[PDB]
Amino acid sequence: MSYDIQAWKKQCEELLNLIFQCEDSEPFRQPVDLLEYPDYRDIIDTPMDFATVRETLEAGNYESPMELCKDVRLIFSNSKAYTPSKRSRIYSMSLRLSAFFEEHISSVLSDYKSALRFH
């Protein structure tokens, strides 16, 4: 529906489903195991992963698509900080998936901002 302030919840649910099914999401699907990777929290202030984002959305704990968008960007910016080398296949995966996410989210954001002006 045009001007729907609730539309972003279904749009983000479906975009996350597409991300999970994409091979480039593999490293970012679940929280980093800290006892497996002991220096992760030395580098990363605020861990984030797509399972946390999906669970937060399904629980209704995002107020806006901007909030969900901030958490997804944190996944990609954490990857660039932990895996900064352009040689890394993981660097390449987060680059491709970030570009994919940013392409889909832009219209979710602008539709939401239109809907909120209307409301």
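Start at 1 and count along the sequence shown; that's the residue number. For the two forms, the rigid core is made up of the largest set of C-alpha atoms that agree within 1.5 Å on superposition.
Visitor: When the other structures are laid on this one by the rigid core, do the CA atoms of 70-78 or of 35-43 sit farther away in 8 other deposited structures of this protein?
Guide: When 70-78 and 35-43 are compared in 8 other deposited structures of this protein, 35-43 lies farther out.
Visitor: Can you check whether 79-87 or 49-57 lies farther from the displayed model in 8 other deposited structures of this protein, averaging C-alpha distances as RMS after superposing on the core?
Guide: Once the cores are fitted, 79-87 deviates more in 8 other deposited structures of this protein.
Visitor: Per the record, averaged over C-alpha atoms, which has the higher B-factor: 29-37 or 78-86?
Guide: The stretch with the larger average C-alpha B-factor is 29-37.
Visitor: Check the PDB entry and point out which of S107, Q11, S98, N17 has the largest C-alpha temperature factor.
Guide: By C-alpha B-factor in the record, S107 ranks first.
Visitor: Based on the deposited C-alpha B factors for this chain, I'd like to know if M48 is in the lowest, middle or highest third.
Guide: According to the entry, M48 has a C-alpha B-factor in the chain's lowest third.
Visitor: Using only modelled residues of the chain, where does the Cα B factor of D71 rank: lowest third, middle third or highest third?
Guide: Lowest third, going by the recorded CA B-factors of the chain.
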